[PDB]
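Report on one structure; see the data block that follows.
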Amino acid sequence: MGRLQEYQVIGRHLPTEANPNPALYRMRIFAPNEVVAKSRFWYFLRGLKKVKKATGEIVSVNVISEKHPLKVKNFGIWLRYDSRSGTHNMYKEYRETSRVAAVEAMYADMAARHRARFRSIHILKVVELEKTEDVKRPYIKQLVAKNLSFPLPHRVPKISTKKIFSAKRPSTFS
Amino acid sequence: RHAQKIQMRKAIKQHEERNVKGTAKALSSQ
Amino acid sequence: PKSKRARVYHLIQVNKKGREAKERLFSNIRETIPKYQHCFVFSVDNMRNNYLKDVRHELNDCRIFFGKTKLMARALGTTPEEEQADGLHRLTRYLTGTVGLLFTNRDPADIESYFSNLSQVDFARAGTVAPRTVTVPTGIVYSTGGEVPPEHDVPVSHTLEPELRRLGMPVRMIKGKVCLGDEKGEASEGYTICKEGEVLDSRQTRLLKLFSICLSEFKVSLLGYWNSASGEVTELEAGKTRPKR
RNA sequence: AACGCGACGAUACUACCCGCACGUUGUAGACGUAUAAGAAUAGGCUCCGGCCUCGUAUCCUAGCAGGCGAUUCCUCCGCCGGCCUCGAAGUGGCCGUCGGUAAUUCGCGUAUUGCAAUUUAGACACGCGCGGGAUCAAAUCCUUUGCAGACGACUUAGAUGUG
RNA sequence: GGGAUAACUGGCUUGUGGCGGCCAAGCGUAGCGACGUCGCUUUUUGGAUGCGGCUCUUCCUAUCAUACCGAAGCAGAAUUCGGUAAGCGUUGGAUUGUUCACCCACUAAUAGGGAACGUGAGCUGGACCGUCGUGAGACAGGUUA
RNA sequence: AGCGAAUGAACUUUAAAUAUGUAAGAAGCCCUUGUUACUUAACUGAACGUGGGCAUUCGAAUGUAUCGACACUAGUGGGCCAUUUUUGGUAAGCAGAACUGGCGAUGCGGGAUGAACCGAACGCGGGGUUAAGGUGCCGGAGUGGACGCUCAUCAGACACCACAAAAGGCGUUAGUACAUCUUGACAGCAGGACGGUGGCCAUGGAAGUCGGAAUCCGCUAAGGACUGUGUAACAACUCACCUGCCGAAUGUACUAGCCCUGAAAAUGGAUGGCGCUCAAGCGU
RNA sequence: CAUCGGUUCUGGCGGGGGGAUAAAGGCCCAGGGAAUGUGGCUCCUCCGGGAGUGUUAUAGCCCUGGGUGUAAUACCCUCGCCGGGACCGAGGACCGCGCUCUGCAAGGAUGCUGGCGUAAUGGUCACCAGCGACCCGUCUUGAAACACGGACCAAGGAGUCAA
């Protein structure tokens, strides 16, 4: 949601006399900016291990972007979302040109279809499907159907919204 | 409808089991 | 999603078999192959095939298999790499449709003589052409549709009334008797179930079966056989002209 | 519908119509206040070639707020008549006369409103004038009636008569 | 005698009891647990009640009648249960302090309710002091809204 | 967290969150020896004094719109609501303590409207920018943009407390698990659905199908001592199951959205009103 | 209107820096790979269109490493330079800080010009229009609501004096 780019965040527990050179954990997340990146990094480490913001430091934050954002990819997203009944696994697919666009579409689709929120959605694993055989969903699969061509019936013309009155009745053909 | 569906499900389960397979009144009356 | 039909769960004692049945069919055919000297492939094109029981009882010492054509074909082996014996992959070429296997320790001439002398009158079955025109006489209708003499026939049943009406005979229930027209048989023309040289429908065939009238013939065609000693297949007169695989 | 509408009759003054002089007269607001197919939008239009996202289109659009004269043009307006047309709350076509008119070019005049000051300019309405035509009415009070009536109101009669 | 509280209901209310056992998808990792079924109430021969009543306007449907439908051994007739319907109508007697139930006569039938803490409009049928007592009350004693 | 440290909320190396008491200087600490009527076996301790030490960071940060003492004078002695913590209780209400905030004495913008909600505090004016709330005029600002979902016989437009349940839905979309499929799955159509056997008992009659109990075998491709219709009893049809034709994905239970139901009376009325349906409804 | 000062809104242009010294991409180079399989070959109810073997061929695509390359661009952060608009002009010799110093945009607006010089600006009344807006006081309570007083006007009228 918003404008997102890939962030890798590496962080570690503060060095001590007992445990110098700590474990130096890392993970990749999706945030509008580095502030939210760091905040959710500390959130997930607090949830997983016994590392807090007070006793930890951000070793590195790096913006990772798409290698080839001018080529069309299919992405499989495996995620957890918690509703009033509990936490559920879902695997969906998105035909996009970048992982950030795929996650944009995923958040929009979650909000539209299951009323899930940003803190209610956990993104476990987003993958680029290597082969077309790996597509499991009929919508993207019909988009990857061979020799795909379709018309665009009933296109309402884009008339300037201040053009209140028109003399000719508009057409919906081209 | 709830009662009917429960009865039908019980009948289906009992039939599946049986196809796979090959006192207080007394004291009160006394 | 929703808006779907409700499949009925039958309160039944026998269920679907599937894979275990397929496997035991393979096993039975494969254990039967070495026991017998010849394997005949026969065809029963458009017949009811309930007389196969009498065929088995006559040929007790011969093993007859009547299963799915593809399962039988692969049990015998369709290719000369997975064949159980030699030429059996050339007999799976004759295993095409409504066919069956007959493992025999007998003589091919005796088998062809039996299957050319065996012939049983049977009900028409759909798709057959009518040899004759069957017409139900106008008036009081009997249990044969006016084929046996009326003096030697019994009235048809009032529980067959609705089925006859559904199948399309304009009959009536007059004073406890089924009547086509009136009891006088003077107010209606008869009912021609089937006409000569006209392909019968399932409606007409079911009417003929209800009236117990047989217009077709049950005979087994012998497409070919295979001898294990020579490891060789023989083409017979019938198998000369049949859609092959 | 007592602040919705229509047809018809008769309308003395007043002003009832016309011509044109205007108004130190009103307006919920001229300033090119220009533009008629029907019908579909998973179709349509046509000149029958073709064309349709698109009205950022078409017409009209120059001259002392638009003068005078000429070369040149038969084009666009306008007013009257004649024949006809338009009734959903009523208009337009053709023809005829007469009047104006850059499609091209030119001459004579614009000044001084002084460096901007609504470019007072349209329409409908109403009033006051002139000179041309036309017309000479009703209602109320009053008396009376009882088909009416608390009282107003209503149905009647009252000019010569079937009073 | 002192202290607290001083009204109260206001998406309230209606048709299906409570208790214990068995089963029980689940939640959970013992405890909560519906629909059913069993045991008690409960079975082997057929008066209750201690503010009421009448007229008129309008509305609701939770419909007694009239209209139309679905089902029922619904032969016919007479009906029973249910559905849409408020367009149109909707009592009297006996008895009782009153009402209801039952019971009895007409009638097509002789339904039930609201008018919002004043049940639409109209009509009709006491507490403070004083004295004397206190195993307990009395006062033509006084005062008071 | 661990018990590859010991021991076993009552275990611990360590140690959360959360509020909360006290102390943070010359208004200081000591050390040293003179006196005392106190005290000690004693110039020995305690108190009263002397000398020293730091006056420049004099001994955390940030602020400081000064603080203290004495004397005198006026109006006050009520509480209501809400958050969090906590005690008890009911079928549900609810009752009581602690802190804090709002209101009393407070105007203004917004929530259509208003004690308790949100924003924000107030001299008279001009300009600019915002908040909460909004941008289909009424009404200033979008019939703004992207992706989806929903059609309700009085939808919904922030109420999510109640009715409300393990509820009903052959509405719609997304998803989880399990299962069957070119060894041909689901649906259909054409056919088989047989023999011992009218199995035993019972019945006037009961042959799979008024009833009790067992419920096996053969043939098998498969067929129940039978799932319904039917006969007085048969007969007959049909289902289970099987094969042929067809040809590629299906079908069972759950989960999550939006939608219908999940109960309503009585003057005519209310998302504020119009109206709104690829919204002017719902989510981001 | 011109030149300035203060506040502010809004367009445009020229540079610098940082990421993966952006990621990509174009053109080269070296390798590897597959299909939603390009040419070829096989079959195919032949305007036509499918199935199969078949890795660049008469299309191409994906992946890894290298060169142009310190490429461009997006995003973010930055140093400046031009244009358009609105509101305002407090003060009244010099002093001061300064600069781009014959002067200046530097401790607050001057210069030029036009019309009118009178109801023209301005003001007071009455009405219309858009927006806003409970009837005062007393009393009670935490607050409302209730309750109480109020037909109007003139004059009088209530913390004084002494110890």
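Below, chain A is the first sequence line, B the second, and so on; all start at residue 1. Note that these values count all heavy atoms, side chains included, but never hydrogens, waters or copies made by symmetry.
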Between G:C76 atom P and A:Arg3 atom CZ, what is the distance in whole Å?
12 Å
Contacts of C:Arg56 and C:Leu160 projected onto RNA chain F by closest heavy atom; the upstream (5') one is C:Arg56
Between A:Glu66 and A:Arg99 (salt bridge meaning N to carboxylate O under 4.0 Å), is one present in this structure?
no
Centre-to-centre below 5.5 angstrom and planes less than 30 degrees apart, is that true for the six-membered base rings of F:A141 and F:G142?
no
Give a yes/no answer on whether the side chain of C:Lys2 brings an N or O atom under 4.0 Å of OP1 or OP2 in F:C259.
no
Touch check for C:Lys53, heavy atoms < 4.0 angstrom, all strands: base, sugar-phosphate only, or nothing?
base
Without decimals, in angstroms, what is the distance between C:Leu59 CG and F:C219 P?
15 Å
Answer with base, sugar-phosphate or nothing: what part of the nucleic acid does A:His68 contact at a heavy-atom distance below 4.0 Å?
sugar-phosphate
By the criterion of two distances each under 3.5 Å, are E:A121 and E:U55 a Watson-Crick or G-U wobble pair?
yes
Which whole-number value in Å describes the distance from A:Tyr7 OH to G:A20 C1'?
15 Å
Positive for side-chain contact (heavy atoms from CB on, under 4.5 Å) with A:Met110, one of A:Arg115, A:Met90, A:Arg117
A:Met90
Kindly indicate whether E:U131 forms a Watson-Crick or G-U wobble pair with E:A138, where both distances must fall under 3.5 Å.
yes
Are the six-membered base rings of D:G26 and D:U27 within the stacking limits, centres under 5.5 Å and planes under 30°?
yes
Counting only side-chain N and O atoms of A:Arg155, is one of them less than 4.0 Å from OP1 or OP2 of D:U53?
no
Given E:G36, is OP1 or OP2 found less than 4.0 Å from the side-chain N or O atoms of B:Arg9?
no
Counting only side-chain N and O atoms of A:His154, is one of them less than 4.0 Å from OP1 or OP2 of D:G43?
no
Pairwise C1' distance for F:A46 and F:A15, with rounding to whole Å:
46 Å
Just checking A:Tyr107: base, sugar-phosphate only, or nothing, at a heavy-atom cut-off of under 4.0 Å?
nothing
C1'-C2'-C3'-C4' sign verdict for the sugar of D:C60, north or south:
north
Please determine if a side-chain N or O atom of B:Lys5 lies less than 4.0 Å away from the OP1 or OP2 oxygen of F:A166.
no
Would you indicate what C:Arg166 reaches in the nucleic acid, counting non-hydrogen atoms under 4.0 angstrom: base, sugar-phosphate, or nothing?
nothing
Indicate the ring-plane relationship of C:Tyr51 and C:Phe218, choosing parallel, tilted or perpendicular according to the 30° and 60° boundaries.
perpendicular
Can a donor-acceptor pair be found between the side chains of A:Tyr94 and A:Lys92 at a distance below 3.5 Å?
yes
To the nearest angstrom, the CZ-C1' distance between C:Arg165 and F:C237 comes to 15 Å
With north defined by a positive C1'-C2'-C3'-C4' torsion and south by a negative one, G:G108 has a sugar that is south
Just by distance, no angles: are the side chains of C:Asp153 and C:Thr144 close enough, under 3.5 Å, to form a donor-acceptor pair?
yes
is_stacked(F:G223, F:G224) at 5.5 Å centroid, 30° plane limits:
no
Nearest heavy atoms of A:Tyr25 and A:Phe41, plus distance in Å:
O-CZ, 4.3 Å
Describe the nucleic acid contact of A:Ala167 in one word from base, sugar-phosphate, nothing, applying a heavy-atom distance below 4.0 Å.
base
Identify whether any heavy atom of A:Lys73 sits under 4.0 Å from a base atom; if not, whether one sits that close to sugar-phosphate; answer base, sugar-phosphate or nothing.
nothing
Between neighbours G:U45 and G:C46, do the six-membered base rings sit under 5.5 Å apart with planes under 30 degrees?
no
Which residue, C:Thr69 or C:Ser3, contacts RNA chain F at a nucleotide closer to its 5' end, judged by nearest heavy atom?
C:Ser3
For atom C1', what is the distance between F:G224 and F:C242, given to the nearest Å?
14 Å
C:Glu31 with C:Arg63: basic N within carboxylate O range, under 4.0 Å:
no
With respect to the phosphate group of G:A20, does any side-chain polar atom (N or O) of A:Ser65 fall under 4.0 Å of OP1 or OP2?
no
How many whole angstroms separate atom NZ of C:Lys22 from atom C1' of F:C242?
12 Å
If a positive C1'-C2'-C3'-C4' torsion means north (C3'-endo side) and a negative one means south (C2'-endo side), where does E:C40 fall?
north
Determine the contact category for C:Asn46: base if any of its heavy atoms lies under 4.0 Å from a base atom, sugar-phosphate if only primed atoms, P, OP1 or OP2 are that close, otherwise nothing.
nothing
